[PDB]
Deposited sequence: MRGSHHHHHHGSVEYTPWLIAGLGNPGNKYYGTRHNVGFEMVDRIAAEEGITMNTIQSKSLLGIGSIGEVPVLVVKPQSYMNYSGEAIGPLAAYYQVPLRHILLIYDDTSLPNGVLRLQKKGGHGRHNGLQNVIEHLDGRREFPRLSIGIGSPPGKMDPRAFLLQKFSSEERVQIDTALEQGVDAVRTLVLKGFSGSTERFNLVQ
């Protein structure tokens, strides 16, 4: 019964709600909902909830440190709860995949994602932790990349992101229960 730490990346506060760079928060909210977990514990610069998926104990976490300091929140939690590297699941927006497309990896660099970069660093530079990328595509035309992250999804994008969240819940449960690459199919 080794636990998992399921962390979704984002920025804290009302201003960020619904923004592309917060989609990891949406996924974890959805997982938490599906597994009957309430995210009301304040600890290590985060909001978190403790529960289980099947017989596996997990913690679901939304760091409230700002995206750039995500590792500051996650490292200490993994230490506190004795979560091994391999069970630290990061969920986040990935501009290298089309909107709404999910991908699961068991290791990898940060793809210049500031939050993922900070997690890796706070994990002693280790990269062998699983990730669920949530595609958001690139910024249209010349729109500023930063601005793009910090804007809400379009009406059309939204429908695809919703579909992805439903798909995500099941992929994460399966990853966590199953105890080498994996493809996802919706």
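- What the model leaves out of the deposited chain are the segments 1-14, 194-198.
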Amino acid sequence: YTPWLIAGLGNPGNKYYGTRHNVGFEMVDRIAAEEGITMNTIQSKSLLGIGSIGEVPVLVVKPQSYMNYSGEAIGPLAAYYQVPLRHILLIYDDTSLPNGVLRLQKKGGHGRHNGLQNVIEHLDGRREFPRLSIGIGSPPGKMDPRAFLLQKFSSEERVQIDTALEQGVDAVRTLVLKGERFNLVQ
From here on, numbers count along this sequence of modelled residues.
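- In this entry, 134-142 has the higher mean Cα B-factor, the comparison being between 30-38 and 134-142.
- Averaged over Cα atoms, the B-factor as recorded in the entry is higher for 122-130 than for the other of 122-130 and 57-65.
- Of the residues listed, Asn114, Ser96, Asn99, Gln82, the entry assigns the biggest Cα temperature factor to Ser96.
- The residue among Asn11, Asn14, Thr163, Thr19 whose C-alpha atom has the highest B-factor in the PDB entry is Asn14.
- In the PDB entry, a CA B factor belonging to the lowest third of its chain's modelled residues is recorded for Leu150.
- In the deposited entry, the Cα temperature factor of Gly75 sits in the bottom third of values across the chain's modelled residues.
- In this PDB entry, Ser44 carries a Cα temperature factor that places it within the middle third of its chain's modelled residues.
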